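Here's the structure we're looking at; comments come further down.
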Protein chains: 6
Amino acid sequence: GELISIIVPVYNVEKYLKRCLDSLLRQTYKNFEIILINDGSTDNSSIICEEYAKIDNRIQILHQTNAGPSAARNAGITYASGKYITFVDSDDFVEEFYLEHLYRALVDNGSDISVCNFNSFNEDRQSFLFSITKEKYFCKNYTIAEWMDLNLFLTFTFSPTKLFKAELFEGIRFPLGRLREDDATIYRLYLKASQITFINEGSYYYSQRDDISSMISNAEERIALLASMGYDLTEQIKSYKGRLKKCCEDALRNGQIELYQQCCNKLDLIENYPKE
Amino acid sequence: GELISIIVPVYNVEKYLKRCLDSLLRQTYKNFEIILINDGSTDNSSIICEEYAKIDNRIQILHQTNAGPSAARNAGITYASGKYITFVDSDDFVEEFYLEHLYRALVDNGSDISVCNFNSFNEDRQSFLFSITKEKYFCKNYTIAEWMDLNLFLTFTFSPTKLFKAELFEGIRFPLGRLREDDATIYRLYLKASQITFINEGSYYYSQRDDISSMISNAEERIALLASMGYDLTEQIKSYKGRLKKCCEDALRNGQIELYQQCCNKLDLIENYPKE
Amino acid sequence: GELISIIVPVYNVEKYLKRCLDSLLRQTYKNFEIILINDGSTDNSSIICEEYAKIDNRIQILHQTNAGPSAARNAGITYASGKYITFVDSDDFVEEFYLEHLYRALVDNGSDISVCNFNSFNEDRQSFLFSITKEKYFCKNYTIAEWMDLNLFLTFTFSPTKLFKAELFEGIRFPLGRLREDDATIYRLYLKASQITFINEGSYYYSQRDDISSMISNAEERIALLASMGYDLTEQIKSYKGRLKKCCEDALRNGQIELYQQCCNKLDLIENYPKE
Amino acid sequence: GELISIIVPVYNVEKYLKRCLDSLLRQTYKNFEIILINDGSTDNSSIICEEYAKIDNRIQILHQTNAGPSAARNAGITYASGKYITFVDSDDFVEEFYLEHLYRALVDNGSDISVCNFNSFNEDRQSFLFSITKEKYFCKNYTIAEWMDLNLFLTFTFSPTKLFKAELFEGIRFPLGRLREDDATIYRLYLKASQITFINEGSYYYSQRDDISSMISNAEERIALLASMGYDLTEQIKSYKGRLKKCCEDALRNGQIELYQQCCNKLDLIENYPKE
Amino acid sequence: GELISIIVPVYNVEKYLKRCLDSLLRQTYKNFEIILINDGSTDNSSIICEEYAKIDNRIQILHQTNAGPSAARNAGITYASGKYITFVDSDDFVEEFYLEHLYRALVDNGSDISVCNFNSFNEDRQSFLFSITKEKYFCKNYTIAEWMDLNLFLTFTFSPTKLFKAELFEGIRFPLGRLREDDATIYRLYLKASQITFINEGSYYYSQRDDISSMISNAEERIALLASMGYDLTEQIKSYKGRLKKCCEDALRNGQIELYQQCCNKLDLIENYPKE
Amino acid sequence: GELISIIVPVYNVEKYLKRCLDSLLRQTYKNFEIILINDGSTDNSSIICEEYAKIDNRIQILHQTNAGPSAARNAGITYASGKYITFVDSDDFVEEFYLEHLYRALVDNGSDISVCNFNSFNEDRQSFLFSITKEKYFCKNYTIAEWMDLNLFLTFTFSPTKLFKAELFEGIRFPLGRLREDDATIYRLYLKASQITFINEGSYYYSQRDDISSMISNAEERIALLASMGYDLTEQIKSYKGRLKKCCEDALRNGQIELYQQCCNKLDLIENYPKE
């Protein structure tokens, strides 16, 4: 099959990196490159990266001065030469059929993007949580409009579990020096697609063991864009009000006083001064 | 009549301050206080403020360490003891009936805000531009919904020309260390009101002689807020698209590269990827 | 009686704030406002402030970006609308007759300031230290000259225990970004007064559990000021020499070398080169 | 005669340095060293220093990273090996008998310090101002007390025109990174002396072509020291009030708002609330 | 022929960029890409880049936040997909046969690098200086040892005029934030080669109209490398001694005192303490 | 005998300082000064320095604002008035005949420098390691060429154990803010000498309980100097290659990515592209 570029930012993940990389090299889909972006790690991560590159030529390492998760992913996008691009966090790990299932779902359906789900691995108790079961499996093709009504963490704020045509990345980059960088970026990729295929299987494992300002501004930017493009706003509005409520309280708890004022005011307007 | 608080930020306006203050002391509406906020001026402005305070007891001076126009206006709001609050920029000036007309328009109509228009004074040629003529005079009461539809500068980005019930300022402050502060704030006051009265009268004179990131952020926040409150988005969407175009080009010219990418991508999505 | 404004700076005092506020709400003198200035606390203090504000309308909260104890007290003074102003630290607490006794001492004597004493509460052993006993109770009126002669901590470095006519604060603010702020400020209030009434009563409880440069600067400024106003300097001189000794040794221990040289030189001049 | 160390800080004085150094090498008193401290000059001053050192072995150069006039003088004091120390600014120049007259005045009278006066040279008009004339010449021995009652620029804030026994410098250094460094330092040298000899001759020529905070704190520190040592305060008090008046006005003009508040308050206390 | 990547850093060169780009698009060698790295220009350079990109698809633009000439070139190297890499400064321009002649000289000779010379253009007088004439034309193949035995500016400190096999860039990047970045880098590419071909034609035009520390450390690094690899040091030593002389004087003129001390000491050792 | 200046930098060594100073005051060679440079210590070191100064007048203290070990030693060199200069680290201690043996070895041989060896003391186990035994004692006079042909730590990167003619320090200072400051400096003193005497006795005790960039640049600077002066480079090259290997690996482990790139490239050139 055609080349898939797997972008893996690496920053101080010495405990988890080998499990991640082992799960990737065992992929049943063979035609991939793994772009490891070592973002200036200060533990053994960089040495682990180098050792893995020595035994599999599909691994390419990029060492860079520490610049954040956004910069690391952008470097990956730049270096990628695949027809498709996908992200894996170096904290996490996948089933051996992960890539193949994503690839088939995309290509067989003529979609521009395929997306799967994730199950959880609790590091503290070394136990899986199989939230997504075989009996609950489904697959569906979605228009962008149908897609934008749908799990909000999975869909909008989590960069892995998703296979993208590389062409979709024209003009699209993660925002620098900013957390919730996934929240600000992934949905812009969806907006460039014509069809998206979702497979409800937890083939990606999320290892289970911030930025209030971005939480709010990401949601505002996204509402403005969707509104300008003619998409329905109902769910984003619900999401936005929920974030404002969290921001209002947490900003105050964190001594982020100007942010607290803004969020409480916005919440006050929405709840107490709606139209009519 | 009831006390009107006039908030006047002062930063290095020695050439224009006396003209401003003279035009305010000549007001036919006499029950006011002028709150001069000297934002750490380094010219003669502070001395001019002190001299005017000595001859009229309606003038109150606040000297503060330089912190920007938003901080200066916020100090004004905090110090105001009037039933109503209005803003005057210290390089502008007004007709002697300015305050009286705004006060009448508000109180006689049972509105929460009254708004007038402005004409221009060209400092370079010392000539007035009477864009707003007596033949074009009108007055009208608006619902908030009617008011929000469309002079975008007069309505949303310009803080003077407007008389606000002081009660409207609960939870509302200008955003710190950041220009287009009026653009981020005035419309939130409108959203608190039940009715607004406009008088199409150029009684305020704007003396004629960029924060590109805020231009975009302000518009996104405002769309998200209006959408969440059920207001129509048609004109804000048009305004947003126009700002994106301006941003896309000007950010690039200024070497603001990440801003440029974000705006160009947003403009690309809107123009080339609207909902199918 | 007339309104007393109680200014209470709050920064990360979650363990002690409730005890403080409970003791204030139980005041037998009921015509007060409590101005809580949350100086950007990062613990639960801000939430505790909000909860108390919901149950007593005499409580006014000001949330501000963290700027230090001087800035917080200055905001308090600016916001106070009382005829009298008093300070309470948020880790301390008071007798239920605290305010009443200070108010009586001031008003019945025609003084401009009344001052009481304090006893101690040892948090580590949960035990009171009643240094000031009923057998030692006295009350006395003082001229400013009598007052300035000498408990140096109680009088000059401690802002609570004192009820001030609000008029005394014209031109007087705590110095920004700088500790021993009380040491720099309280005595300037005394200098504005005509008479001070002291009550030797430990009605305030100080919870028991360095800015070396300011220690010296404050003492030099105060001597210069008193000398310029014709006050006797004998005790201030003794205090200054004691501070120089402390400075000379502690600056050196802290690696504050230029401060050390300055203080040692000053101490050397005073002890070894007095006027022949 | 015994060795005199002449300390000459040099910072960007290319236009004036040769005139200064020429006037020094022509001294009738031959036993001197000139310590040129080049404080990281960025013009030709450093090259001029090196060229002069090549032709007279009494010149010693010390090049140092830019650190200010205080640091440059302190380096000079440290390098000095003379029995006496004197300062010359590299902007200025002297008569050929300058050093000899200072030396004789000190040694013949058994004084610890000798001081002369200065006349002016107006660079803009290339003309001398002989303010100090031959007919006005006098010489006098002073006790420290007599000395401290006396021209305030000449005596207290100007480091040149003065020959000091080197022993007087134990523990005494110019304050770092601070202007009016002379104001803070010279009088401490006087306080270590037993007798001072003044000669009223303008043998030093001051070339005629800031720090408000230090102006005030230097005067406060000096009053506190003098008071502690038992010296009369009358003139220092007059001086202090004059500085407060200048500070109050100039701080405000410069946007130094906290300084303005402090100085105006101090002036208000002194003028309007003196004892009784 | 095979693809040549031309790396063109662009920072604030609006006056010269069109001339540069016009001369490149007129190349007789057709198979190239021009990688324009706009390094956050703040003039019209970015817009000029965009306009040229629209009319010739061999032009690729990378806009980046300003990070300096080294970072710009490194981005070019990373983006380059040619078999050969060459550098052109956007201030300069070339003959229409420039690329073709470099290409032939490399390929026909089996060299890894080809190098030509340059003539100059005086912008102030709009006149060419034809230092390299037709009569002085020669071409020659060199071993690296012969090559490293040489003017000095052309060979080591100037990145254009040179066509490199792209494989030579493994592990070689320009040093960040550093000026004299060419000085630190070009020679390392030479050391990777087996044979270099020089053509003595001035087909590149240098438009004519310092980091002292790097000048010295670059020469020291280069001597240490060459010595470690067994190359002859005679000319590098001569060059190093010349740089020390320049540094010794110019560091002092610039107030770079520690650098002055180091260079003067080094020059002192070399000239006055050679081996016995 | 003539005065030996012992330079002892002191920074936060309260646990070890008394042992150091006791061992120095017990020297059989009596004519020394100990220059204690307290570099702004924040423990009890400064007070320990003062106490020792009070009981032995050979001890001089310089207190300075913290500026690092290089600045501390340079201050020592400046203050030193001895005919000879030696360094002792305040963590360490010496035999009672330490100074005497160094002095005799220098003076009896007509050398400019004498050097001894060191044994170690393991603080964790309170036990001596006598690496240098009586049986292995030797003494020898070396030419500089013989001297520069050598362990490596003792000779070049350790400042104690060495007695220098003070005239050798002309133009030689330790580099500011730099670690491996000994590495950059000691060898330059050797290059000033005509003959060096080594005594193989461990009379200095090193108490036992990295700046990668300097490690590399120091070695490059030293190779360039030695090459320029005609000394043999064989051992320095071996040392340099060893440092590159260490840097290549450890820079990467520390996230020092540009340094890693430079060192790995240098090592790549040396090992894989030596001269043909």
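By convention in this document, the chains of the structure tokens carry letters A, B, ... by their order, each chain's residues are numbered from 1, and ligands are numbered from 1 in the order they are shown.
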Distance query region 159-166 of chain A at most 10 Å, only C-alpha atoms, self and fewer than 6 positions along chain excluded, as a CSV table (one decimal) with C-alpha atoms, in the first residue's frame:
```csv
chain,number,residue,atom,x,y,z
A,4,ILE,CA,1.8,6.4,5.7
A,5,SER,CA,3.8,8.9,7.8
A,6,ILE,CA,3.4,8.3,11.6
A,7,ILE,CA,4.3,11.4,13.5
A,8,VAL,CA,5.5,10.8,17.1
A,77,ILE,CA,4.2,17.3,9.1
A,80,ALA,CA,6.5,13.6,6.2
A,81,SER,CA,6.6,12.3,2.7
A,82,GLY,CA,3.7,9.9,2.9
A,83,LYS,CA,0.3,10.1,1.1
A,84,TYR,CA,-1.3,9.9,4.5
A,85,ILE,CA,-0.4,11.3,7.9
A,86,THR,CA,-1.3,10.0,11.3
A,87,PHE,CA,-0.3,10.9,14.9
A,88,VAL,CA,0.7,8.6,17.8
A,89,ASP,CA,1.5,9.9,21.3
A,92,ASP,CA,0.4,5.4,24.2
A,94,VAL,CA,-1.8,0.3,19.6
A,98,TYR,CA,-4.4,-0.4,14.0
A,99,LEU,CA,-2.9,1.1,10.9
A,102,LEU,CA,-7.6,2.9,9.4
A,103,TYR,CA,-6.2,2.5,5.9
A,105,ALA,CA,-11.6,2.3,6.1
A,106,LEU,CA,-10.3,5.4,4.3
A,111,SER,CA,-13.0,9.1,2.3
A,112,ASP,CA,-10.4,11.8,3.0
A,113,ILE,CA,-10.1,10.9,6.6
A,114,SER,CA,-10.7,7.8,8.7
A,115,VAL,CA,-11.0,7.8,12.5
A,116,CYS,CA,-11.2,5.1,15.1
A,117,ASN,CA,-11.8,5.1,18.9
A,118,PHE,CA,-9.6,4.3,21.9
A,153,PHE,CA,-12.4,14.7,23.4
A,181,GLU,CA,-3.1,22.5,20.4
A,182,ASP,CA,-5.1,19.5,19.2
A,183,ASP,CA,-8.4,21.3,20.1
A,185,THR,CA,-6.3,22.1,14.8
A,186,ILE,CA,-7.9,18.8,14.2
A,187,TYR,CA,-11.3,20.2,13.3
A,189,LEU,CA,-8.6,19.2,8.9
A,190,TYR,CA,-12.2,17.8,9.0
A,193,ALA,CA,-12.6,16.8,3.9
A,196,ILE,CA,-15.1,10.9,6.9
A,197,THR,CA,-15.2,7.3,7.9
A,198,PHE,CA,-15.5,6.3,11.6
A,199,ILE,CA,-14.8,2.9,12.9
A,201,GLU,CA,-13.1,0.1,17.7
A,202,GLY,CA,-10.7,0.9,20.5
A,203,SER,CA,-7.6,-0.1,18.7
A,204,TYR,CA,-5.6,2.7,20.1
A,205,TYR,CA,-4.7,2.6,23.8
A,206,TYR,CA,-4.6,5.8,25.8
```
*Can you check which residues of chain F have any atom within 10 Å of chain E? Use only C-alpha atoms and format it as number ranges by chain.*
F: 143-145, 170-176, 188-189, 191-194, 216-234, 236-238, 240-241, 258-276
*Would you list the contacts of region 56-68 of chain B as JSON, numbers by chain, taking every protein, DNA or RNA residue within 8 Å and counting only C-alpha atoms, but skipping same-chain residues closer than 5 positions in sequence?*
{"B": [32, 33, 34, 35, 36, 37, 38, 39, 40, 41, 46, 49, 50, 176, 177, 178], "D": [255, 256, 257, 258]}
_Can you pull out every residue from region 51-92 of chain C that DSSP, working from the backbone, puts in alpha helix (DSSP H), and format the result as a ChimeraX atom specification?_
/C:51-55,69-79
Prev. selection, N, CA and C atoms, output as a CSV table (one decimal), in the first residue's frame:
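Result file result-v7.csv:
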```csv
chain,number,residue,atom,x,y,z
C,51,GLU,N,-17.9,32.7,49.1
C,51,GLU,CA,-18.9,32.1,49.9
C,51,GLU,C,-19.3,33.0,51.0
C,52,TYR,N,-18.4,33.7,51.7
C,52,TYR,CA,-18.8,34.6,52.8
C,52,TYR,C,-19.6,35.8,52.2
C,53,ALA,N,-19.2,36.3,51.0
C,53,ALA,CA,-19.9,37.4,50.4
C,53,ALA,C,-21.4,37.1,50.1
C,54,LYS,N,-21.7,35.8,49.9
C,54,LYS,CA,-23.1,35.4,49.6
C,54,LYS,C,-24.0,35.5,50.9
C,55,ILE,N,-23.4,35.4,52.1
C,55,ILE,CA,-24.2,35.4,53.3
C,55,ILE,C,-24.3,36.7,54.1
C,69,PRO,N,1.1,42.9,49.1
C,69,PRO,CA,0.3,43.4,50.2
C,69,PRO,C,0.1,44.9,50.2
C,70,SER,N,1.0,45.7,49.7
C,70,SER,CA,0.9,47.1,49.6
C,70,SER,C,-0.2,47.5,48.6
C,71,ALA,N,-0.1,46.9,47.4
C,71,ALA,CA,-1.1,47.1,46.3
C,71,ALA,C,-2.5,46.7,46.8
C,72,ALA,N,-2.6,45.6,47.5
C,72,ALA,CA,-3.9,45.1,48.0
C,72,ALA,C,-4.5,46.1,49.0
C,73,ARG,N,-3.6,46.6,49.9
C,73,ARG,CA,-4.2,47.6,50.9
C,73,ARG,C,-4.6,48.9,50.2
C,74,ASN,N,-3.8,49.3,49.2
C,74,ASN,CA,-4.1,50.5,48.5
C,74,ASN,C,-5.4,50.5,47.8
C,75,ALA,N,-5.7,49.3,47.2
C,75,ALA,CA,-7.0,49.1,46.5
C,75,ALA,C,-8.1,49.2,47.6
C,76,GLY,N,-7.9,48.6,48.8
C,76,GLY,CA,-8.8,48.7,49.9
C,76,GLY,C,-9.1,50.2,50.2
C,77,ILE,N,-8.1,51.0,50.4
C,77,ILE,CA,-8.2,52.4,50.7
C,77,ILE,C,-9.0,53.1,49.6
C,78,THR,N,-8.7,52.8,48.4
C,78,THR,CA,-9.4,53.5,47.2
C,78,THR,C,-10.9,53.1,47.2
C,79,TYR,N,-11.2,51.9,47.5
C,79,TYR,CA,-12.6,51.4,47.5
C,79,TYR,C,-13.4,51.7,48.8
```
*Work out how far CA of residue 91 (chain B) is from CA of residue 251 (chain D), in Å to one decimal.*
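Interatomic distance, CA of residue 251 (chain D) to CA of residue 91 (chain B): 23.8 Å.
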*With only C-alpha atoms as the basis for distance, which of D:147, D:137, D:11, D:93 is at the shortest distance from residue 23 (chain D)?*
D:93
*So which residues of region 177-210 of chain F fall under strand (DSSP E) by DSSP, listed as a PyMOL selection string?*
chain F and resi 195-208
